[PDB]
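First comes one chain, alone, set out as structure tokens in the form deposited in one PDB entry.
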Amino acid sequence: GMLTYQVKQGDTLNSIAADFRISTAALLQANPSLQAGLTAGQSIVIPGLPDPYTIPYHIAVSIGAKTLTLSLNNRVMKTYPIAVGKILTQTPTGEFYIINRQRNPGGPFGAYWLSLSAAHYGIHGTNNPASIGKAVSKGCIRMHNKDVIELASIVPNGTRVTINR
């Protein structure tokens, strides 16, 4: 299948390409309709990704509880503690997808980086384990290295991530 994205107010061709880590050229090639511009509500396809609804895994993040919940077929498997965005640089809310990943990025990013479908944002490890469970990040979601590693080993690219208050 394919990943369908719905255009939101204030999206541009460039910003959408950016959120999904692809070139605008590739986005246009996959969506000839986009030659004529964008409109809020418009469904388009993001190339390179499977249909997220066909992936039985689902990730729910709660900013208030500082948790990331992994479900398989709407049954919780595992709850993890996480760090979230500080008060003036919060973790965005809404529906996202894991888009790509890099193993062992190191530094403050720890054992793994999993890109989310919002530019500059992802789920990553940490080299500051004391930060986990606190609102101290500049926006990304931080996990213990062992947790992000386990997480990455299970969920494939395209996995739904729902971030709530």
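Only residues modelled in both forms are compared. All residue numbers refer to positions in the sequence shown, first residue = 1. Here, rigid core means the biggest group of C-alpha atoms that superpose within 1.5 Å across both forms.
The same protein also exists as the form deposited in another entry; that form is not shown, yet it is the one meant from here on.
In the overlay on the core between the shown form and the other one, a shift of 2 Å or more in CA position is seen for a single residue of 136, 111, 34, 55, which is 34. Relative to the shown form, the CA atoms of residue 34 and residue 16 are pushed 3 Å or more farther apart in the other form.
Look at residue 27 and residue 92: in the other form their Cα atoms move 3 Å or more farther apart than in this form. Here is what shifts between the shown form and the other one when you lay the two on the core: just one run of at least 3 residues, every Cα off by 2 Å or more, at 27-36.
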